[PDB]
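A.B. asks: below you'll find the sequence and an experimental structure to go with it.
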Amino acid sequence: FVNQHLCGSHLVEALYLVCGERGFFXX
Amino acid sequence: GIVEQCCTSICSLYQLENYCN
């Protein structure tokens, strides 16, 4: 399903979803 | 970096998962 360019601030939306419970932001 | 990469190209799940904590 990772099928598209992620522009705007859609990269953090994608990371939020795919990284799930472990997260991604900061440390 | 990843912001530029994933806007100008289609990132894979591999590439995104490199940025998970």
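C.D. replies: Okay, I see it. Numbers count the residues shown, from 1 in each chain, chains lettered A, B, ... in the order given.
A.B. asks: C-alpha only now, for contacts and for neighbours.
C.D. replies: Will do.
A.B. asks: if I pick residue A:19, what's in contact with it?
C.D. replies: Residue A:19 makes contacts with B:17, B:20-21, as judged by CA atoms under 8 Å, 6 or more residues apart in numbering or on different chains.
A.B. asks: and what about the residue lying closest to residue B:17 once chain neighbours are set aside, helix, strand or coil?
C.D. replies: Closest residue in space to residue B:17, ignoring its immediate chain neighbours: residue A:19 at 6.7 Å, by CA to CA, 6 or more residues apart in numbering or on different chains. For residue A:19, the assignment made with DSSP: H, G, I helix; E, B strand; the rest coil gives helix.
A.B. asks: tell me which residues are up against stretch B:11-21.
C.D. replies: If you take CA under 8 Å, 6+ apart as the criterion, stretch B:11-21 is touched by A:2-5, A:14-15, A:18-19, A:22-25, A:27, B:5.
A.B. asks: for PyMOL, what selects the buried ones among those?
C.D. replies: Entered in PyMOL, the line below selects the buried ones among those, by 16 or more other CA atoms under 10 Å in any protein chain shown:
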select buried, chain A and resi 15+18+19+24
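A.B. asks: got JSON lines for the contacts of stretch B:11-21, with distance to residue B:12 and secondary structure too?
C.D. replies: JSON lines is the format used below for those (distance: CA to CA, whole Å; DSSP: H, G, I helix; E, B strand; the rest coil):
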{"residue": "A:2", "distance to residue B:12": "6", "secondary structure": "coil"}
{"residue": "A:3", "distance to residue B:12": "8", "secondary structure": "coil"}
{"residue": "A:4", "distance to residue B:12": "9", "secondary structure": "coil"}
{"residue": "A:5", "distance to residue B:12": "10", "secondary structure": "coil"}
{"residue": "A:14", "distance to residue B:12": "11", "secondary structure": "helix"}
{"residue": "A:15", "distance to residue B:12": "12", "secondary structure": "helix"}
{"residue": "A:18", "distance to residue B:12": "11", "secondary structure": "helix"}
{"residue": "A:19", "distance to residue B:12": "13", "secondary structure": "helix"}
{"residue": "A:22", "distance to residue B:12": "19", "secondary structure": "helix"}
{"residue": "A:23", "distance to residue B:12": "18", "secondary structure": "coil"}
{"residue": "A:24", "distance to residue B:12": "16", "secondary structure": "coil"}
{"residue": "A:25", "distance to residue B:12": "19", "secondary structure": "coil"}
{"residue": "A:27", "distance to residue B:12": "22", "secondary structure": "coil"}
{"residue": "B:5", "distance to residue B:12": "11", "secondary structure": "helix"}
